[PDB]
Structure formats: C-alpha cells, structure tokens
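Chemist: Next up, my_file-v9.txt (compact mmCIF, N, CA and C atoms).
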```txt
# COMPACT_ATOMS: atom_id res chain seq x y z
N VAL A 199 -68.66 -123.45 -177.90
CA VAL A 199 -68.33 -123.05 -176.54
C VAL A 199 -66.96 -122.38 -176.47
N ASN A 200 -66.87 -121.30 -175.70
CA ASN A 200 -65.63 -120.55 -175.60
C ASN A 200 -64.87 -120.91 -174.32
N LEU A 201 -63.56 -120.65 -174.35
CA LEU A 201 -62.69 -120.87 -173.21
C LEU A 201 -62.06 -119.54 -172.80
N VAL A 202 -61.87 -119.37 -171.49
CA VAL A 202 -61.28 -118.16 -170.94
C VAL A 202 -60.13 -118.54 -170.02
N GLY A 203 -59.00 -117.86 -170.18
CA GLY A 203 -57.85 -118.08 -169.33
C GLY A 203 -56.53 -117.75 -170.00
N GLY A 204 -55.66 -117.04 -169.29
CA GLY A 204 -54.36 -116.64 -169.81
C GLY A 204 -54.42 -115.91 -171.14
N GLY A 205 -55.49 -115.15 -171.37
CA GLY A 205 -55.68 -114.44 -172.62
C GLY A 205 -55.59 -115.32 -173.85
N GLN A 206 -56.27 -116.47 -173.81
CA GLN A 206 -56.22 -117.43 -174.91
C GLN A 206 -57.62 -117.94 -175.25
N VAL A 207 -58.56 -117.03 -175.50
CA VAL A 207 -59.93 -117.40 -175.85
C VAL A 207 -59.92 -118.26 -177.11
N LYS A 208 -60.65 -119.38 -177.07
CA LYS A 208 -60.69 -120.31 -178.20
C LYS A 208 -62.06 -120.97 -178.21
N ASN A 209 -62.83 -120.72 -179.26
CA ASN A 209 -64.15 -121.32 -179.43
C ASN A 209 -63.98 -122.79 -179.79
N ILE A 210 -64.16 -123.68 -178.81
CA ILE A 210 -64.07 -125.11 -179.08
C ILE A 210 -65.28 -125.55 -179.89
N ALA A 211 -65.03 -126.29 -180.96
CA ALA A 211 -66.07 -126.75 -181.87
C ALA A 211 -66.59 -128.10 -181.38
N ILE A 212 -67.86 -128.13 -180.97
CA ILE A 212 -68.52 -129.35 -180.52
C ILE A 212 -69.65 -129.63 -181.50
N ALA A 213 -69.45 -130.61 -182.37
CA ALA A 213 -70.46 -130.95 -183.36
C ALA A 213 -71.59 -131.76 -182.72
N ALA A 214 -72.67 -131.92 -183.48
CA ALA A 214 -73.84 -132.65 -183.02
C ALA A 214 -73.60 -134.15 -183.20
N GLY A 215 -73.30 -134.84 -182.10
CA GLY A 215 -73.07 -136.27 -182.15
C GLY A 215 -71.78 -136.69 -181.49
N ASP A 216 -70.87 -135.74 -181.27
CA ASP A 216 -69.58 -136.02 -180.66
C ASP A 216 -69.73 -136.60 -179.26
N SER A 217 -69.05 -137.72 -179.00
CA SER A 217 -69.10 -138.33 -177.68
C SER A 217 -68.30 -137.52 -176.68
N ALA A 218 -68.45 -137.87 -175.40
CA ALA A 218 -67.76 -137.18 -174.32
C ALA A 218 -66.25 -137.27 -174.47
N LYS A 219 -65.76 -138.42 -174.95
CA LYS A 219 -64.33 -138.60 -175.19
C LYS A 219 -63.80 -137.59 -176.20
N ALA A 220 -64.52 -137.43 -177.31
CA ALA A 220 -64.13 -136.48 -178.34
C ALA A 220 -64.13 -135.06 -177.80
N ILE A 221 -65.15 -134.72 -177.01
CA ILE A 221 -65.27 -133.39 -176.41
C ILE A 221 -64.06 -133.13 -175.52
N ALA A 222 -63.71 -134.11 -174.69
CA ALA A 222 -62.56 -134.01 -173.80
C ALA A 222 -61.28 -133.80 -174.61
N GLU A 223 -61.11 -134.59 -175.67
CA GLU A 223 -59.93 -134.47 -176.52
C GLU A 223 -59.82 -133.08 -177.13
N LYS A 224 -60.93 -132.55 -177.65
CA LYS A 224 -60.91 -131.24 -178.28
C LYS A 224 -60.63 -130.13 -177.27
N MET A 225 -61.34 -130.12 -176.14
CA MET A 225 -61.14 -129.06 -175.16
C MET A 225 -59.76 -129.14 -174.52
N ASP A 226 -59.13 -130.31 -174.56
CA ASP A 226 -57.75 -130.44 -174.11
C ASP A 226 -56.81 -129.66 -175.01
N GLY A 227 -55.62 -129.36 -174.50
CA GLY A 227 -54.60 -128.75 -175.33
C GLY A 227 -54.51 -127.24 -175.26
N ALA A 228 -55.15 -126.56 -176.21
CA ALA A 228 -55.00 -125.13 -176.48
C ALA A 228 -54.85 -124.28 -175.22
N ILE A 229 -55.77 -124.42 -174.28
CA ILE A 229 -55.70 -123.67 -173.03
C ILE A 229 -54.52 -124.18 -172.21
N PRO A 230 -53.53 -123.33 -171.90
CA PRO A 230 -52.34 -123.81 -171.17
C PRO A 230 -52.66 -124.41 -169.81
N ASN A 231 -51.82 -125.35 -169.37
CA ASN A 231 -51.91 -126.06 -168.10
C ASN A 231 -53.34 -126.43 -167.70
N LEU A 232 -54.11 -126.95 -168.65
CA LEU A 232 -55.46 -127.45 -168.37
C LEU A 232 -55.57 -128.86 -168.93
N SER A 233 -56.26 -129.74 -168.20
CA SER A 233 -56.48 -131.11 -168.63
C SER A 233 -57.98 -131.40 -168.63
N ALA A 234 -58.36 -132.46 -169.33
CA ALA A 234 -59.78 -132.81 -169.46
C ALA A 234 -59.90 -134.32 -169.61
N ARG A 235 -60.44 -134.97 -168.59
CA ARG A 235 -60.70 -136.40 -168.66
C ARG A 235 -62.17 -136.67 -168.97
N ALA A 236 -62.44 -137.88 -169.46
CA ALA A 236 -63.80 -138.31 -169.78
C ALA A 236 -64.12 -139.59 -169.02
N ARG A 237 -65.39 -139.74 -168.65
CA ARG A 237 -65.82 -140.89 -167.86
C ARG A 237 -67.33 -141.06 -167.99
N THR A 238 -67.76 -142.26 -168.37
CA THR A 238 -69.18 -142.58 -168.49
C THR A 238 -69.48 -143.77 -167.58
N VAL A 239 -70.05 -143.48 -166.41
CA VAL A 239 -70.43 -144.50 -165.45
C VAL A 239 -71.95 -144.50 -165.34
N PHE A 240 -72.57 -145.63 -165.70
CA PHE A 240 -74.02 -145.76 -165.66
C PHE A 240 -74.39 -147.14 -165.13
N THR A 241 -75.39 -147.17 -164.25
CA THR A 241 -75.89 -148.42 -163.70
C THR A 241 -77.07 -148.92 -164.52
N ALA A 242 -77.66 -150.02 -164.06
CA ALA A 242 -78.81 -150.61 -164.74
C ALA A 242 -79.55 -151.51 -163.75
N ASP A 243 -80.87 -151.58 -163.93
CA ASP A 243 -81.71 -152.42 -163.09
C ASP A 243 -82.95 -152.86 -163.86
N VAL A 244 -83.00 -154.13 -164.26
CA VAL A 244 -84.10 -154.67 -165.03
C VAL A 244 -85.34 -154.81 -164.15
N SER A 245 -86.48 -154.33 -164.64
CA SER A 245 -87.74 -154.46 -163.91
C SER A 245 -88.41 -155.78 -164.25
N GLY A 246 -89.67 -155.94 -163.85
CA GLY A 246 -90.41 -157.15 -164.14
C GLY A 246 -90.55 -157.42 -165.63
N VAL B 247 -59.00 -136.68 -198.45
CA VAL B 247 -58.53 -137.21 -199.72
C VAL B 247 -59.64 -137.99 -200.41
N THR B 248 -60.21 -137.40 -201.46
CA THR B 248 -61.31 -138.04 -202.17
C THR B 248 -60.78 -139.08 -203.15
N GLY B 249 -60.98 -140.36 -202.81
CA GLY B 249 -60.62 -141.46 -203.69
C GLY B 249 -59.17 -141.49 -204.12
N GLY B 250 -58.27 -141.72 -203.17
CA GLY B 250 -56.85 -141.81 -203.46
C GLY B 250 -56.03 -141.09 -202.42
N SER B 251 -54.74 -140.94 -202.73
CA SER B 251 -53.79 -140.28 -201.86
C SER B 251 -52.95 -139.30 -202.68
N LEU B 252 -52.12 -138.53 -201.98
CA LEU B 252 -51.29 -137.50 -202.60
C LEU B 252 -49.88 -138.05 -202.80
N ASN B 253 -49.63 -138.53 -204.02
CA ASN B 253 -48.31 -139.05 -204.39
C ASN B 253 -47.47 -137.89 -204.91
N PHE B 254 -46.85 -137.16 -203.99
CA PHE B 254 -46.02 -136.03 -204.38
C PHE B 254 -44.59 -136.21 -203.89
N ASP B 255 -43.73 -135.24 -204.17
CA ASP B 255 -42.32 -135.31 -203.81
C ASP B 255 -41.91 -134.05 -203.06
N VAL B 256 -40.72 -134.10 -202.46
CA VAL B 256 -40.17 -133.00 -201.69
C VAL B 256 -38.69 -132.89 -202.00
N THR B 257 -38.27 -131.74 -202.53
CA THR B 257 -36.86 -131.50 -202.85
C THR B 257 -36.29 -130.54 -201.81
N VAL B 258 -35.61 -131.09 -200.81
CA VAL B 258 -34.96 -130.27 -199.79
C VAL B 258 -33.50 -130.05 -200.15
N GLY B 259 -33.23 -128.98 -200.89
CA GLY B 259 -31.86 -128.72 -201.31
C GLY B 259 -31.45 -129.65 -202.43
N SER B 260 -30.30 -130.31 -202.25
CA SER B 260 -29.77 -131.21 -203.26
C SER B 260 -30.68 -132.42 -203.47
N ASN B 261 -30.86 -133.23 -202.42
CA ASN B 261 -31.60 -134.47 -202.55
C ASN B 261 -33.10 -134.20 -202.69
N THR B 262 -33.82 -135.23 -203.13
CA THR B 262 -35.26 -135.13 -203.38
C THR B 262 -35.97 -136.33 -202.77
N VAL B 263 -36.98 -136.06 -201.95
CA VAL B 263 -37.77 -137.11 -201.32
C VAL B 263 -38.74 -137.68 -202.34
N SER B 264 -39.02 -138.98 -202.24
CA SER B 264 -39.94 -139.63 -203.17
C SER B 264 -41.06 -140.33 -202.41
N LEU B 265 -41.63 -139.65 -201.41
CA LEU B 265 -42.71 -140.21 -200.62
C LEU B 265 -43.96 -140.42 -201.47
N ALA B 266 -44.93 -141.16 -200.95
CA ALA B 266 -46.16 -141.42 -201.67
C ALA B 266 -47.23 -141.84 -200.67
N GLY B 267 -48.48 -141.88 -201.11
CA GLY B 267 -49.59 -142.32 -200.28
C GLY B 267 -49.81 -141.48 -199.04
N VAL B 268 -50.20 -140.23 -199.22
CA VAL B 268 -50.50 -139.33 -198.11
C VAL B 268 -52.02 -139.15 -198.05
N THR B 269 -52.62 -139.60 -196.95
CA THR B 269 -54.06 -139.47 -196.76
C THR B 269 -54.36 -138.60 -195.55
N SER B 270 -53.52 -138.70 -194.52
CA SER B 270 -53.67 -137.92 -193.31
C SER B 270 -52.33 -137.32 -192.91
N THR B 271 -52.36 -136.43 -191.92
CA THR B 271 -51.14 -135.82 -191.40
C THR B 271 -50.21 -136.88 -190.82
N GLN B 272 -50.78 -137.91 -190.20
CA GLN B 272 -49.98 -138.96 -189.59
C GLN B 272 -49.15 -139.72 -190.61
N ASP B 273 -49.73 -139.97 -191.79
CA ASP B 273 -49.02 -140.68 -192.85
C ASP B 273 -47.76 -139.92 -193.27
N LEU B 274 -47.93 -138.63 -193.58
CA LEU B 274 -46.79 -137.80 -193.94
C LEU B 274 -45.80 -137.72 -192.79
N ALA B 275 -46.31 -137.72 -191.56
CA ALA B 275 -45.45 -137.71 -190.38
C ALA B 275 -44.53 -138.92 -190.34
N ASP B 276 -45.10 -140.11 -190.54
CA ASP B 276 -44.28 -141.33 -190.58
C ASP B 276 -43.32 -141.30 -191.76
N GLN B 277 -43.77 -140.81 -192.91
CA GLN B 277 -42.89 -140.73 -194.08
C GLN B 277 -41.68 -139.85 -193.80
N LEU B 278 -41.88 -138.73 -193.10
CA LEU B 278 -40.77 -137.86 -192.75
C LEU B 278 -39.88 -138.49 -191.69
N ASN B 279 -40.49 -139.09 -190.66
CA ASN B 279 -39.71 -139.68 -189.58
C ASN B 279 -38.84 -140.83 -190.08
N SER B 280 -39.32 -141.56 -191.08
CA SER B 280 -38.54 -142.63 -191.68
C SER B 280 -37.42 -142.05 -192.54
N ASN B 281 -37.75 -141.02 -193.32
CA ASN B 281 -36.79 -140.43 -194.25
C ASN B 281 -35.80 -139.51 -193.53
N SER B 282 -35.89 -139.45 -192.20
CA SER B 282 -35.03 -138.59 -191.39
C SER B 282 -33.55 -138.80 -191.66
N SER B 283 -33.17 -140.01 -192.08
CA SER B 283 -31.79 -140.29 -192.45
C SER B 283 -31.35 -139.40 -193.61
N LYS B 284 -32.10 -139.45 -194.71
CA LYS B 284 -31.76 -138.70 -195.91
C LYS B 284 -31.99 -137.21 -195.72
N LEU B 285 -33.22 -136.83 -195.36
CA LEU B 285 -33.55 -135.42 -195.11
C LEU B 285 -33.18 -135.09 -193.67
N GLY B 286 -32.27 -134.13 -193.52
CA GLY B 286 -31.82 -133.71 -192.20
C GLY B 286 -32.75 -132.70 -191.56
N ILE B 287 -34.05 -132.97 -191.62
CA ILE B 287 -35.07 -132.05 -191.10
C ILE B 287 -36.05 -132.84 -190.24
N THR B 288 -36.06 -132.56 -188.94
CA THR B 288 -36.90 -133.31 -188.01
C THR B 288 -38.36 -132.89 -188.13
N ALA B 289 -39.25 -133.86 -188.00
CA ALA B 289 -40.69 -133.64 -188.03
C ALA B 289 -41.29 -133.98 -186.67
N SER B 290 -42.47 -133.43 -186.40
CA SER B 290 -43.12 -133.63 -185.11
C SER B 290 -44.63 -133.47 -185.22
N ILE B 291 -45.38 -134.47 -184.77
CA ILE B 291 -46.84 -134.45 -184.80
C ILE B 291 -47.33 -134.60 -183.36
N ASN B 292 -47.89 -133.52 -182.82
CA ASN B 292 -48.42 -133.53 -181.46
C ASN B 292 -49.83 -134.10 -181.43
N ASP B 293 -50.38 -134.24 -180.23
CA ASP B 293 -51.73 -134.76 -180.04
C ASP B 293 -52.77 -133.88 -180.72
N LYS B 294 -52.43 -132.61 -180.92
CA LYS B 294 -53.35 -131.67 -181.56
C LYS B 294 -53.75 -132.17 -182.94
N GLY B 295 -52.77 -132.53 -183.76
CA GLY B 295 -53.02 -132.98 -185.11
C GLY B 295 -52.18 -132.23 -186.12
```
Would you mind writing the file's structure down as structure tokens?
Modeler:
Amino acid sequence: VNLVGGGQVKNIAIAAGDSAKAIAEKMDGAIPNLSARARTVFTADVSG
Amino acid sequence: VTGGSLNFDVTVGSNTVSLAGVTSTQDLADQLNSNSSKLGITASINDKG
C-alpha cells in the first residue's frame, strides 16, 4: 500500500499475517505529522 | 544473526571500543549509550528502528 502527502510517497510493506497493531506501527512515522492508532473491539454472544 | 552474535570492535580515533554480542540494532544502541563515557559520540535509536 502506498502513501500520499507532502511529496513523500512510501510503499508501506504489509505482510500476510501482520496484526492491526503491526500495521499501525509500520504506517506510522515516515509520513510527516501523521499518526496511526490501533483498536480491536469485538463483542460475543453464546447461543444455545 | 544466524546462530550467534557479532563480536566486533570499534576504533574511534585513539581509543578502541570492545563491545560484543550484537544481535539487533537495540543491542548495539545500548552498547553505544553505555560506552558514551569513553567514546564521545552520541547514538540514537528512534521508534523506526
């Protein structure tokens, strides 16, 4: 996946298996004044 | 690092560093930050790596 902004295109490498946290960490940084948080909120409901 | 670490040295001018056990960038980072007394060269490891 590529990034656009401030003339700093950077193909972020997202491997097969990387969690959302890792993705956030990688996409963070290089692009100036940009941040990336991660959050996994999931509910559950047991049936019969 | 395949099966071991990089036991190397660093000669900055007169004195010579005798660091050992380098497996990651962080290890060498700590080795430099500790040796900051002897070697007058500051090191820095950002979140990038």
Chemist: Please determine the contact residues of chain A with respect to chain B at a cut-off of 8 Å, counting all atoms listed in the file, and supply them as an MDAnalysis selection string.
Modeler: chainID A and resid 223 226:228
Chemist: Which distance in Å separates CA of residue 235 in chain A and atom C of residue 272 in chain B, to one decimal?
Modeler: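 Between CA of residue 235 in chain A and atom C of residue 272 in chain B the gap works out to 25.0 Å.
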Chemist: Just give me the gap between CA of residue 245 in chain A and atom C of residue 217 in chain A in Å, one decimal is fine.
Modeler: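 Going from CA of residue 245 in chain A over to atom C of residue 217 in chain A, I get 28.8 Å.
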Chemist: Determine, counting only C-alpha atoms, which protein, DNA and RNA residues have an atom within 8 Å of an atom of range 208-212 of chain A; residues of the same chain fewer than 2 positions away are not included. Present the result as a PyMOL selection string.
Modeler: chain A and resi 199-202+206+214+216+221+224-225+228-229
Chemist: Just the number, please: distance in Å from atom C of residue 240 in chain A to atom N of residue 219 in chain A, one decimal.
Modeler: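 Distance between the two atoms: 15.7 Å.
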Chemist: Which residues come within 6 Å of residue 264 in chain B, counting all atoms listed in the file, excluding same-chain residues fewer than 6 positions away, as JSON, numbers by chain?
Modeler: {"B": [254, 255, 256]}
Chemist: Just the helix (DSSP H, G or I) stuff from chain B, please, per backbone DSSP, written as a ChimeraX atom specification.
Modeler: /B:271-280
Chemist: Mind working out the centre and edge lengths of an axis-aligned box for range 218-235 of chain A, all listed atoms inside, 6 Å added to each side, rounded to one decimal in Å and written as JSON?
Modeler:
```
{"center_x": -60.1, "center_y": -131.0, "center_z": -173.0, "size_x": 28.6, "size_y": 27.3, "size_z": 22.6}
```
Chemist: Which neighbours of residue 285 in chain B fall inside 12 Å, counting only C-alpha atoms, when residues of the same chain fewer than 2 positions from it are skipped, and could you give them as a ChimeraX atom specification?
Modeler: /B:256-265,277-283,287-289
Chemist: Based on the selection just made, write N, CA and C atoms of those residues as a PDB file, in the coordinates of the input.
Modeler:
```
ATOM      1  N   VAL B 256     -40.720-134.100-202.460  1.00  0.00           N
ATOM      2  CA  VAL B 256     -40.170-133.000-201.690  1.00  0.00           C
ATOM      3  C   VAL B 256     -38.690-132.890-202.000  1.00  0.00           C
ATOM      4  N   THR B 257     -38.270-131.740-202.530  1.00  0.00           N
ATOM      5  CA  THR B 257     -36.860-131.500-202.850  1.00  0.00           C
ATOM      6  C   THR B 257     -36.290-130.540-201.810  1.00  0.00           C
ATOM      7  N   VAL B 258     -35.610-131.090-200.810  1.00  0.00           N
ATOM      8  CA  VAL B 258     -34.960-130.270-199.790  1.00  0.00           C
ATOM      9  C   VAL B 258     -33.500-130.050-200.150  1.00  0.00           C
ATOM     10  N   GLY B 259     -33.230-128.980-200.890  1.00  0.00           N
ATOM     11  CA  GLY B 259     -31.860-128.720-201.310  1.00  0.00           C
ATOM     12  C   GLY B 259     -31.450-129.650-202.430  1.00  0.00           C
ATOM     13  N   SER B 260     -30.300-130.310-202.250  1.00  0.00           N
ATOM     14  CA  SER B 260     -29.770-131.210-203.260  1.00  0.00           C
ATOM     15  C   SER B 260     -30.680-132.420-203.470  1.00  0.00           C
ATOM     16  N   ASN B 261     -30.860-133.230-202.420  1.00  0.00           N
ATOM     17  CA  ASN B 261     -31.600-134.470-202.550  1.00  0.00           C
ATOM     18  C   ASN B 261     -33.100-134.200-202.690  1.00  0.00           C
ATOM     19  N   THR B 262     -33.820-135.230-203.130  1.00  0.00           N
ATOM     20  CA  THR B 262     -35.260-135.130-203.380  1.00  0.00           C
ATOM     21  C   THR B 262     -35.970-136.330-202.770  1.00  0.00           C
ATOM     22  N   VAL B 263     -36.980-136.060-201.950  1.00  0.00           N
ATOM     23  CA  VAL B 263     -37.770-137.110-201.320  1.00  0.00           C
ATOM     24  C   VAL B 263     -38.740-137.680-202.340  1.00  0.00           C
ATOM     25  N   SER B 264     -39.020-138.980-202.240  1.00  0.00           N
ATOM     26  CA  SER B 264     -39.940-139.630-203.170  1.00  0.00           C
ATOM     27  C   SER B 264     -41.060-140.330-202.410  1.00  0.00           C
ATOM     28  N   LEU B 265     -41.630-139.650-201.410  1.00  0.00           N
ATOM     29  CA  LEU B 265     -42.710-140.210-200.620  1.00  0.00           C
ATOM     30  C   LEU B 265     -43.960-140.420-201.470  1.00  0.00           C
ATOM     31  N   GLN B 277     -43.770-140.810-192.910  1.00  0.00           N
ATOM     32  CA  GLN B 277     -42.890-140.730-194.080  1.00  0.00           C
ATOM     33  C   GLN B 277     -41.680-139.850-193.800  1.00  0.00           C
ATOM     34  N   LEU B 278     -41.880-138.730-193.100  1.00  0.00           N
ATOM     35  CA  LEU B 278     -40.770-137.860-192.750  1.00  0.00           C
ATOM     36  C   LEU B 278     -39.880-138.490-191.690  1.00  0.00           C
ATOM     37  N   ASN B 279     -40.490-139.090-190.660  1.00  0.00           N
ATOM     38  CA  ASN B 279     -39.710-139.680-189.580  1.00  0.00           C
ATOM     39  C   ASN B 279     -38.840-140.830-190.080  1.00  0.00           C
ATOM     40  N   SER B 280     -39.320-141.560-191.080  1.00  0.00           N
ATOM     41  CA  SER B 280     -38.540-142.630-191.680  1.00  0.00           C
ATOM     42  C   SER B 280     -37.420-142.050-192.540  1.00  0.00           C
ATOM     43  N   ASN B 281     -37.750-141.020-193.320  1.00  0.00           N
ATOM     44  CA  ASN B 281     -36.790-140.430-194.250  1.00  0.00           C
ATOM     45  C   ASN B 281     -35.800-139.510-193.530  1.00  0.00           C
ATOM     46  N   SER B 282     -35.890-139.450-192.200  1.00  0.00           N
ATOM     47  CA  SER B 282     -35.030-138.590-191.390  1.00  0.00           C
ATOM     48  C   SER B 282     -33.550-138.800-191.660  1.00  0.00           C
ATOM     49  N   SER B 283     -33.170-140.010-192.080  1.00  0.00           N
ATOM     50  CA  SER B 283     -31.790-140.290-192.450  1.00  0.00           C
ATOM     51  C   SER B 283     -31.350-139.400-193.610  1.00  0.00           C
ATOM     52  N   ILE B 287     -34.050-132.970-191.620  1.00  0.00           N
ATOM     53  CA  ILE B 287     -35.070-132.050-191.100  1.00  0.00           C
ATOM     54  C   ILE B 287     -36.050-132.840-190.240  1.00  0.00           C
ATOM     55  N   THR B 288     -36.060-132.560-188.940  1.00  0.00           N
ATOM     56  CA  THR B 288     -36.900-133.310-188.010  1.00  0.00           C
ATOM     57  C   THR B 288     -38.360-132.890-188.130  1.00  0.00           C
ATOM     58  N   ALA B 289     -39.250-133.860-188.000  1.00  0.00           N
ATOM     59  CA  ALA B 289     -40.690-133.640-188.030  1.00  0.00           C
ATOM     60  C   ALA B 289     -41.290-133.980-186.670  1.00  0.00           C
TER      61      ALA B 289
END
```
Chemist: Mind listing the strand (DSSP E) residues of chain B, per DSSP on the backbone, as a PyMOL selection string?
Modeler: chain B and resi 256-258+261-263
